Number of protein chains: 2
Amino acid sequence: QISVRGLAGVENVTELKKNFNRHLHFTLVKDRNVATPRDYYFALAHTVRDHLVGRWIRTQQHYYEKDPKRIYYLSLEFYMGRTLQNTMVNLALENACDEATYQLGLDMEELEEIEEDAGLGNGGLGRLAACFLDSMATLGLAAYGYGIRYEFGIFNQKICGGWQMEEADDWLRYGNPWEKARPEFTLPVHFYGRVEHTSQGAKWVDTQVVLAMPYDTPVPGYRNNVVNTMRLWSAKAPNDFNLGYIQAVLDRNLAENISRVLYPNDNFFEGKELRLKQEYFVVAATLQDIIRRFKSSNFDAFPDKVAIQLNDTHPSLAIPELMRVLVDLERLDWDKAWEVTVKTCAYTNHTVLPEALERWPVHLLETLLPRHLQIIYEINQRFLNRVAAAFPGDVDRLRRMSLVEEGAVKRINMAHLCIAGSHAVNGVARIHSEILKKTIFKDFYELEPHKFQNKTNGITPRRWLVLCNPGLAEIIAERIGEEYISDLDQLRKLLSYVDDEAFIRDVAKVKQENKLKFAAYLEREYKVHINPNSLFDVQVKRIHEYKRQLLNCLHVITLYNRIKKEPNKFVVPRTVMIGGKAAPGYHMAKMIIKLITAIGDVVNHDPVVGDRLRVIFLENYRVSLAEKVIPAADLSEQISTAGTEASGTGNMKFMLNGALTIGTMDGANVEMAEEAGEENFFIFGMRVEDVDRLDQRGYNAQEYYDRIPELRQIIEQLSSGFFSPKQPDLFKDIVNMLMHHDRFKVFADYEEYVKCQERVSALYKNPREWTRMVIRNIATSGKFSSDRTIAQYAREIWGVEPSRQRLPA
Amino acid sequence: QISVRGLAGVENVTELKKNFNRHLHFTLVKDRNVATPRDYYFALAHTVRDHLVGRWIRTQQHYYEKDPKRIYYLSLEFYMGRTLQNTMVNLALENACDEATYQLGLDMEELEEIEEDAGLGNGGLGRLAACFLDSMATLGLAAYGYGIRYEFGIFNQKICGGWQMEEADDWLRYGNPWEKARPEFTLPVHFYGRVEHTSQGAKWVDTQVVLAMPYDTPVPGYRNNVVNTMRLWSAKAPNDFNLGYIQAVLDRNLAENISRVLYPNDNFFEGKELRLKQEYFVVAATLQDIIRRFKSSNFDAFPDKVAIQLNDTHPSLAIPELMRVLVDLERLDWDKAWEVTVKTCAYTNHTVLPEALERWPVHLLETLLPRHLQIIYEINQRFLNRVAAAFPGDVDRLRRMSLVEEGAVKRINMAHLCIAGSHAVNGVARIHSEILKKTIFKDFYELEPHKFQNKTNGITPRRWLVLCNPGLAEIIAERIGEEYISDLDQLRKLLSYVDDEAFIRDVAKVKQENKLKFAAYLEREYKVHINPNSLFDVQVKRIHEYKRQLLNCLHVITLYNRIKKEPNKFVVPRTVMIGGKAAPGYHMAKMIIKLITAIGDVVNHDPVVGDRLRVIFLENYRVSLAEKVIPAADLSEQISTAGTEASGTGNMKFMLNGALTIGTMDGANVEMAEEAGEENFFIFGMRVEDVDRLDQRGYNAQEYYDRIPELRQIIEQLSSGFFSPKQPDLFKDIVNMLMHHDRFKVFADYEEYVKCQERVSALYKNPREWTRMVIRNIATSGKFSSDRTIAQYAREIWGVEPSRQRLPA
Ligand SMILES: Nc1ccn([C@@H]2O[C@H](CO)[C@@H](O)[C@H](F)[C@H]2O)c(=O)n1
Ligand SMILES: Nc1ccn([C@@H]2O[C@H](CO)[C@@H](O)[C@H](F)[C@H]2O)c(=O)n1
């Protein structure tokens, strides 16, 4: 049908059809008369999976022969989404499977909707790991993703009476055709016990053992025949476990609980024992696998053959675990082991919010990991001796830099442990990396300036353009060819088409088609009516106070109040869509969701408004939903308080897909505006410097309430029960927070935000100039490919060269 | 190699080789350079499984078209053992796979040893269900086995310091290639709640829901292209289950515990709530499936299309569950529903031991299954009204026949419920069925004589001759052809070879080969030395007081003491082998195991004994071990106290495989002796009548101790610490039981047992006459095929005709 989806050759289509029929019969044990759409999905998945295996076996054989330096990406989250279409895209199989299924009388897009998301992450950090795996394979790096195979991923969100309800995400119910269990490579992990000192060093004894069983999932590169591995560990009890009889068997559940469920917190730290066990479990099993693979090639060459990347501090225990193994088991002296560790490890920071930083109580580590606590104390003493020598007499610096925090309860600061034991530390956008050196890690930057780097985030143009927006990928390829898909900088060539009347019409046509498709999806799956001629105003991301969904709410109510004031005046019609999950225990975030649905209940049913304004809460936001709504958006809301969102990646997805951005100068928004030109972005609000000035003076929300009549009206509406007639005081917590306890200064940006939104509406009235600005955004989005990001990690941190060359098919 | 293993045609072998290579690559994702023996086992299993699928799909399609009467065999146990060889045998694939694997450079017998037993049963009752499934498929019946998919089957037994230790049987660790998950046919099961009475009948409300997910395993008939289904249910929590957040997800384990583990009791009742949940879970899910299938063809014709066979009282809740569905949900009147139920259900009793009978506390049923208790009360009232009308004024009969037992705690007698609600009740051997009508169910037999039947047990000659003893199957086929394999009565033709010198030599040759193979197995896997020229004296079965492993122990010690008395006298050398598992909480059974190993420790290390006597405890007795030791045995010990072993089936296995039997006139031993002729059996001891006479008089063990000096010596050796030097009083519990509290009258049979054993030893000295008696046993073992047993159930209980005709291939 379309060119970028590859060839549908007669031989290929014939072969796909027969293998589809073979799997339906032999694998699924069904005939065509009993088969359901789900059976058909599985037959296709097995057919496509077969095409991966030869490339998978020979990629791994190739790494064994050539023995390149190996990259290990450690993460507690891999937010993968669906796998079927992605695999077809990377293998150039999409048109062939489309033809083959068509000839069997099936609709492939309908089959694609049957696959469950692999929802093994919360949001941006988990999705970054997924984009990174795709880019590493595409760039020919010998890379392995290592994590946990959660039985339950991020919960499914239902909305009941306007409130969020959580349901278990039982994603494995029907099986997972993409994974291969590898029970033969099962490894022991130790917990509890005590430390014994012998003549020949320390010994960790009397431990409880949990087994780690690996499951391998293939990661295909884009049309290069490379297939890398993501290996996820599952917890298993040993067979003599607890071994009255019946209870001992049932108590096996206690050990296997380690891999049962993903902790559903985005940007927040909960110091629970089970979470600590998860963090050690992934680290201990992964490191044995790394060392095994290294010996099957003297530890001086260890950092020449191994790089370990820590995704946040979640796998920070890799540092003392590597020391434990080298010192206690391999009998290296401390100094040599430390040199190896530092040269092997590198650490990526993803946030500056204090509540997100991991600070583990010493009493937890004492009981659970007694040998690791000893090692951490020794690391701290030697590190602080270095600080003392560099800054003699500076006693407060010593207190500030310690890995051990004093107080009511002693804690270990895991971020300080990561900086001490890594040769590289990076932030995830230029402004964030600068904030790290200037504020929270200033003392560390002064001691070791060479460690600190920036690696601005990116997204994969395979999933986030070709897969989710084939119409746009196609009109682009018609003009500049297909090479941009793995060299996104080539989109710059599109600037010579900004005055091309044919291109302008095509770009605008693709957007309208995307909007019609999404408008139809909403009616089908959720029985809701929207106007596809309206501006699609979209804010999708996890619900948090710092992300300021509440500022969006205030704008929505302002628009409603202005309409009610002058009903017969023309306004640019809008569909305002907001979606995202709240952490189950985050009360304020749950109240914000209720507020959004409550506003919808009033606005969507007001006869005077008509179809000029609609407010929709998008339920169960997740990767597969993002792939639907992002190509349909006109306006992308990126409105965090300046200095709070480290990078953002959702922002980049919208830019690539033909939406304009309204945003603060925060995270990667700054670099996006710089690439496109500030004239082509809708920037508003305080800069970081303005926020600092306000904090120094003291933020008084009452001032704004007093001086802005439109803002006062909204607060009075909220307080009095306008949006909750039966429960007049429902939103009192929200009002109280806004008026007296707002860490994120919602009111301070309100005036400039509303004025900026007026400018957006003005441009949308002129379709031709709107679209020309869109082309200028798409054309300059090249920097934000994760291929660029990974190439920088490879060259500047891991010490390896990327390769775009094919392996033989 | 050998004829009964089928053809190894060039086309077939070529095809098997390529499909083996395909599975190794595509299914296992391995190359020949990394593959282990386990990988090779799985590639073969997948290759053989492929040959089942076409026959499986068309067998089930055939039943849908023809709509025969369907047979549902309900059991909490299916003791299946390994599946690979059995599948090859039934499909005529054994020689072809042997050739194909040979040409790939592999040894198929070595691959076969990698498969785990499916150990989903305890002993005789579970293994009977497995033999029955094989015969039903071989006889072309539309039959389904329904049970529970336990995550952990019967424990693995380790012996440490002579004591039994239990380990979890994690049989699913590496996956099960034989099953097909069917999550699309998942069904809800209800627990707890309360009963509400409305205008339109009772309603069961406020229940907790557990999901039942089916897994289907194919059951191939012998060379007839029929493949039936065994469907096993697995427990799953619903997704809104318990739905702070983390705990609710972890608490899903509570529901899923239902299918976690097999209760390890043989012939003993434990009134635990979890066991009751297991029993209801299998019944509720199975009955919905039955009704579903019946509607997809008015309940008057229900018993014409459905037969339900209850394997013991474990699934007895089928009776009130069927009433519940017909009355509460389908709105049939009571009387009509009861008629349907009675005509549909039939019940098999497997024991007369009082401690094995299921008597559930009313307070348990009240809380767990409140509607079922009400239904049971109503059944009882109507049944007792019938008893009152038939035997007016007989008030004690009313108390004795009630389904409700009075006392400290009220209980429901599940055996009484089964008789009341079934049109047929059978025992499992002629003597057992007679005991049922004369003693424990006498009152019921007087009320409804027509209900009571006998169906003597049998074993499948596929697993228990062709599979485990190909050498014997072959020498038999050389003379009478292959038709006996599914018509075992043809073995009678072998009586014309009892004087054939060629046959005599061949029968004896096969036994010696079997003994050498087993003697070698013992050294390899267990580092133990045995003399293959000795008489192999074998007692393998679960450890229980009624089975009298202790009487065997007494004989062993008698032989040892006689040798020590006259060392230079000739005795026929013996290897005495005893094996079997004890229930984890059965203290006396655990003490008996310790006694056996303790005797071995003394006897096997006495230089004066030499290799004239050896005592071996066979560890981890299970189906796969039975297939090894039974073909190797010379003497089969079947020595239960008369009237205690309902049938036995181990006895039949030994008879078919060329061992002679020493046994009491108990269970099926009586019919075996009758078939072969009493001159060809070694019968000893009290009959049932003698046991009754002794009970009436009062059993005094002291009398025997006083009058038998050899017996006194043994007791004194046990008491004084001869067999436990460091712990002199170790066996005091055993001695105390023998002397004062022996329900099974060990001493009463001791003299006759020892004398009978002398006669065995006498015959073994004359190899030619031993072997001639063996031929007379094998020749008359035909009655004990489960094909005969199933044909009798079909004709006399289920009302269906067996068919030996092939389905098209
Ligand atoms: N526990 C956390 C901490 C930070 N993050 C996010 O990580 C993304 C990837 O770097 C960034 O784009 C975002 F700026 C950041 O908020 C997250 O999703 N979970
Ligand atoms: N809970 C029970 C009760 C009885 N049985 C056995 O069942 C076998 C099959 O009928 C018989 O051959 C045996 F005689 C009997 O002991 C058993 O294994 N478990």
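Proteins get letters first, then strands, A, B, ... in listed order; numbering begins at 1 in each. For ligands, and for the atoms within them, numbers begin at 1 and follow the listed sequence. As a basis for the values below, the full set of heavy atoms in this structure was taken, side chains included, without hydrogen atoms, waters or symmetry mates.
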Identity and distance of the protein heavy atom lying nearest [atom]:
atom	answer
atom 7 (O) of ligand 2	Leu125(B) N, 3.6 Å
atom 14 (F) of ligand 2	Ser647(B) N, 2.9 Å
atom 13 (C) of ligand 2	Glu645(B) OE2, 3.6 Å
atom 1 (N) of ligand 2	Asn267(B) N, 3.6 Å
atom 12 (O) of ligand 2	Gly648(B) N, 2.9 Å

Close N or O approach (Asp312(B), ligand 2; < 3.5 Å):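 Not met; the criterion fails.
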What about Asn457(B): any of its N or O atoms under 3.5 Å from an N or O on ligand 2?
yes
Give me the atom names and distance for the closest heavy-atom approach of [X] to [Y].
X	Y	answer
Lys581(B)	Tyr621(B)	CE-O, 3.5 Å
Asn267(A)	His544(A)	O-NE2, 4.3 Å
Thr649(A)	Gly124(A)	OG1-CA, 4.4 Å

Q. Is the backbone of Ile459(B) close enough, under 3.5 Å, to the side chain of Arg127(B) for a donor and an acceptor to pair up by distance?
A.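 Not confirmed, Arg127(B) side chain does not pair with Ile459(B) backbone.
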Does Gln278(A) use its side chain to pair, donor to acceptor, with the backbone of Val261(A) at less than 3.5 Å?
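Such a contact is found between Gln278(A) side chain and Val261(A) backbone.
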Could you check whether any heavy atom of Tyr79(B) sits closer than 4.0 Å to an atom of ligand 2, since that is the contact criterion I want to use?
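Judged by the 4.0 Å heavy-atom criterion, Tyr79(B) does not count as contacting ligand 2.
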Proximal ligand 1 atoms for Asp266(A), defined as those under 4.0 Å from one of its heavy atoms: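 Numbered from 1, ligand 1 contributes 18 (O).
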In ligand 1, the atoms that come under 4.0 Å of a heavy atom of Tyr546(A) are 16 (O)
Residue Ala646(B) vicinity, atoms of ligand 2 by number, heavy atom under 4.0 Å: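 Those of ligand 2 that fall under 4.0 Å from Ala646(B) are 14 (F).
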Angle class for the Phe132(B)/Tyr73(B) ring planes (parallel below 30°, perpendicular above 60°, tilted otherwise)? perpendicular
Is the ring pair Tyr546(B)/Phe744(B) parallel, tilted or perpendicular, if the boundaries are 30 and 60 degrees?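 Rings of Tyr546(B) and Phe744(B): tilted, 30 to 60°.
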- Query: Is there at least one pair of N or O atoms, one from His350(A) and one from ligand 1, spaced under 3.5 Å apart?
  - Reply: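 Indeed, backbone or side chain, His350(A) has an N or O that close.
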Quick one: does ligand 1 sit under 4.0 Å from the side chain of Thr348(A), the backbone, both or neither, non-hydrogen atoms only?
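Neither; nothing of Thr348(A) gets under 4.0 Å from ligand 1.
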Quick look: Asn265(A) vs ligand 1, heavy-atom contacts under 4.0 Å, and the answer is neither
Close aromatic pair by centroid cut-off 6.0 Å: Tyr245(B) and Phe155(A)
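Ring centres of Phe155(A) and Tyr245(B) closer than 6.0 Å.
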Notebook entry, point to check: Are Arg743(B) and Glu355(B) ion-paired here, with the side-chain N under 4.0 Å from a carboxylate O?
Noted result: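 Result for this pair is yes, salt bridge flagged.
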